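See below for target_16.cif, which holds mmCIF, C-alpha atoms and all ligand atoms.
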```cif
data_data
#
loop_
_atom_site.group_PDB
_atom_site.id
_atom_site.type_symbol
_atom_site.label_atom_id
_atom_site.label_comp_id
_atom_site.auth_asym_id
_atom_site.auth_seq_id
_atom_site.Cartn_x
_atom_site.Cartn_y
_atom_site.Cartn_z
ATOM 1 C CA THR N 1 101.332 92.857 90.585
ATOM 2 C CA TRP N 2 103.682 95.398 92.215
ATOM 3 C CA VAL N 3 105.912 98.266 91.005
ATOM 4 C CA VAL N 4 108.696 96.660 93.047
ATOM 5 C CA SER N 5 109.301 92.942 93.751
ATOM 6 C CA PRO N 6 112.329 91.358 92.030
ATOM 7 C CA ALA N 7 115.950 92.296 92.941
ATOM 8 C CA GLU N 8 114.585 95.532 94.421
ATOM 9 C CA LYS N 9 112.387 93.763 97.014
ATOM 10 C CA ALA N 10 115.404 91.539 97.724
ATOM 11 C CA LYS N 11 117.878 94.421 97.980
ATOM 12 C CA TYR N 12 115.390 95.904 100.479
ATOM 13 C CA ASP N 13 114.125 92.787 102.275
ATOM 14 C CA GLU N 14 117.786 92.344 103.229
ATOM 15 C CA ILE N 15 118.017 95.983 104.346
ATOM 16 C CA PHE N 16 114.723 96.000 106.268
ATOM 17 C CA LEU N 17 116.539 93.524 108.518
ATOM 18 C CA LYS N 18 119.093 96.298 109.094
ATOM 19 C CA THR N 19 116.456 99.056 108.793
ATOM 20 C CA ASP N 20 113.737 97.750 111.124
ATOM 21 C CA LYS N 21 115.982 98.354 114.172
ATOM 22 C CA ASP N 22 113.036 97.047 116.234
ATOM 23 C CA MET N 23 112.761 93.786 114.252
ATOM 24 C CA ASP N 24 108.951 94.123 114.409
ATOM 25 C CA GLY N 25 108.248 93.663 110.680
ATOM 26 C CA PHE N 26 107.791 97.454 110.682
ATOM 27 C CA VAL N 27 110.732 99.878 110.466
ATOM 28 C CA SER N 28 109.954 103.523 111.299
ATOM 29 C CA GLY N 29 111.263 106.499 109.300
ATOM 30 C CA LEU N 30 113.518 106.941 112.364
ATOM 31 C CA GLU N 31 115.439 103.734 111.520
ATOM 32 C CA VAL N 32 115.254 103.653 107.712
ATOM 33 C CA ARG N 33 116.098 107.354 108.172
ATOM 34 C CA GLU N 34 119.900 106.974 108.011
ATOM 35 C CA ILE N 35 119.244 104.408 105.285
ATOM 36 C CA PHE N 36 117.122 107.077 103.569
ATOM 37 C CA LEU N 37 119.709 109.744 104.462
ATOM 38 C CA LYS N 38 122.337 107.626 102.674
ATOM 39 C CA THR N 39 120.195 107.697 99.512
ATOM 40 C CA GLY N 40 120.910 111.355 98.670
ATOM 41 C CA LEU N 41 117.309 112.610 98.419
ATOM 42 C CA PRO N 42 116.031 115.890 99.865
ATOM 43 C CA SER N 43 114.230 115.658 103.234
ATOM 44 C CA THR N 44 110.793 116.530 101.797
ATOM 45 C CA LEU N 45 111.144 113.930 99.015
ATOM 46 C CA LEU N 46 112.326 111.295 101.505
ATOM 47 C CA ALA N 47 109.320 112.174 103.669
ATOM 48 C CA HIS N 48 107.204 112.201 100.508
ATOM 49 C CA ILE N 49 108.695 108.809 99.628
ATOM 50 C CA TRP N 50 107.857 107.511 103.117
ATOM 51 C CA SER N 51 104.163 108.192 102.504
ATOM 52 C CA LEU N 52 104.639 106.831 98.977
ATOM 53 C CA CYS N 53 105.718 103.537 100.584
ATOM 54 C CA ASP N 54 104.061 103.712 104.016
ATOM 55 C CA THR N 55 100.808 102.395 102.506
ATOM 56 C CA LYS N 56 100.144 100.973 105.993
ATOM 57 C CA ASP N 57 99.318 104.571 107.003
ATOM 58 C CA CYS N 58 100.218 103.666 110.602
ATOM 59 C CA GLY N 59 103.382 105.725 111.198
ATOM 60 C CA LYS N 60 105.886 102.947 110.382
ATOM 61 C CA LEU N 61 107.254 101.094 107.318
ATOM 62 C CA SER N 62 106.091 97.433 107.302
ATOM 63 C CA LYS N 63 108.579 94.820 106.028
ATOM 64 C CA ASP N 64 107.328 94.790 102.413
ATOM 65 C CA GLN N 65 106.387 98.490 102.575
ATOM 66 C CA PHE N 66 109.942 99.724 103.193
ATOM 67 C CA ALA N 67 110.800 97.847 99.983
ATOM 68 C CA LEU N 68 108.251 99.933 98.052
ATOM 69 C CA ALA N 69 109.901 103.205 99.128
ATOM 70 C CA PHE N 70 113.354 102.278 97.779
ATOM 71 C CA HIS N 71 111.525 101.565 94.506
ATOM 72 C CA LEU N 72 111.412 105.373 94.315
ATOM 73 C CA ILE N 73 114.559 106.494 96.143
ATOM 74 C CA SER N 74 116.611 103.883 94.259
ATOM 75 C CA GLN N 75 115.277 105.336 90.979
ATOM 76 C CA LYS N 76 116.990 108.584 92.030
ATOM 77 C CA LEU N 77 120.355 106.945 92.845
ATOM 78 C CA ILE N 78 120.877 104.928 89.633
ATOM 79 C CA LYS N 79 117.952 106.075 87.443
ATOM 80 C CA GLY N 80 117.690 109.738 88.534
ATOM 81 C CA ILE N 81 113.871 109.582 88.425
ATOM 82 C CA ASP N 82 111.457 111.558 90.631
ATOM 83 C CA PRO N 83 108.997 109.653 92.815
ATOM 84 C CA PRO N 84 105.663 108.454 91.431
ATOM 85 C CA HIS N 85 103.804 111.413 93.007
ATOM 86 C CA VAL N 86 101.449 109.636 95.447
ATOM 87 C CA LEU N 87 100.478 105.977 95.979
ATOM 88 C CA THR N 88 99.278 103.960 92.970
ATOM 89 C CA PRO N 89 97.345 100.708 92.586
ATOM 90 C CA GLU N 90 100.596 99.101 91.390
ATOM 91 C CA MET N 91 102.297 100.338 94.582
ATOM 92 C CA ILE N 92 99.552 99.567 97.099
ATOM 93 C CA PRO N 93 100.081 96.109 98.591
ATOM 94 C CA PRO N 94 97.548 93.289 98.355
ATOM 95 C CA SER N 95 95.075 92.908 101.245
HETATM 96 CA CA CA L 101 110.867 99.417 113.770
#
```
The structure in this file should be written as structure tokens.
Ligand SMILES: [Ca+2]
Amino acid sequence: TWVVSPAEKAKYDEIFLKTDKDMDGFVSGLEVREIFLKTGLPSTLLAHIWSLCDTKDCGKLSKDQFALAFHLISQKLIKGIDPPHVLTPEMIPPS
């Protein structure tokens, strides 16, 4: 199960390749930044969305984690919906 996965994960999996400027399966807010700055969300929210997707809690956005953040930001670009407060069991990745 996962809040994001279909087209969304694809629309992102393709961006993570352009987001993870270090191609290390982990893009940092510093790279996805512009990508997040192109979204149109307020800094705080974008930083709040980074922790809402950075389930890795390591300081970077893994490959599938950066796809969970757009699941929120994207909702504000075409669905105008706030972010799901904090992390949820449907957001947290499988381990
Ligand atoms: Ca990176």
Counting only C-alpha atoms and all ligand atoms, which residues of chain N fall within 12 Å of ligand CA 101 (chain L), and what is the closest atom pair for each with its distance in Å at one decimal, ordered by chain and rising number, as a tab-separated table?
```
residue	atom	partner	partner_atom	distance
N:16	CA	L:CA101	CA	9.1
N:17	CA	L:CA101	CA	9.7
N:18	CA	L:CA101	CA	10.0
N:19	CA	L:CA101	CA	7.5
N:20	CA	L:CA101	CA	4.2
N:21	CA	L:CA101	CA	5.2
N:22	CA	L:CA101	CA	4.0
N:23	CA	L:CA101	CA	6.0
N:24	CA	L:CA101	CA	5.7
N:25	CA	L:CA101	CA	7.0
N:26	CA	L:CA101	CA	4.8
N:27	CA	L:CA101	CA	3.3
N:28	CA	L:CA101	CA	4.9
N:29	CA	L:CA101	CA	8.4
N:30	CA	L:CA101	CA	8.1
N:31	CA	L:CA101	CA	6.7
N:32	CA	L:CA101	CA	8.6
N:33	CA	L:CA101	CA	11.0
N:58	CA	L:CA101	CA	11.9
N:59	CA	L:CA101	CA	10.1
N:60	CA	L:CA101	CA	7.0
N:61	CA	L:CA101	CA	7.6
N:62	CA	L:CA101	CA	8.3
N:63	CA	L:CA101	CA	9.3
N:66	CA	L:CA101	CA	10.6
```
Revision key, fill the gap. Separating CA of residue 10 in chain N from CA of residue 51 in chain N, to the nearest tenth of an Å, is a gap of 20.7 Å
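Minimum distance to residue 49 in chain N across N:92, N:72, N:78, N:4 (counting all atoms listed in the file) occurs at N:72.
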Practice item. Using the chain letters and numbering of this document, enumerate as a ChimeraX atom specification the residues selected by the PyMOL selection byres (((chain N and resi 86-89) around 10) and not hetatm). Key: /N:1-3,48-49,51-55,83-85,90-94
Exercise for review: Check the smallest atom-to-atom distance from each of N:79, N:6, N:12, N:39 to residue 65 in chain N using all atoms listed in the file, then report the winner.
Suggested key: N:12
Review point. So how many Å separate CA of residue 34 in chain N and CA of residue 95 in chain N, to one decimal?
Key: 29.3 Å
Exercise for review: Between N:57, N:15, N:42, N:36, single out the one closest to residue 74 in chain N, counting only C-alpha atoms.
Suggested key: N:36
Check your understanding: Which is closest to residue 13 in chain N among N:69, N:47, N:38, N:56, if we use all atoms listed in the file?
Key ->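 Among the listed residues, N:69 lies closest to residue 13 in chain N.
Across the model, the gap from CA of residue 73 in chain N to CA of residue 46 in chain N is 7.5 Å.
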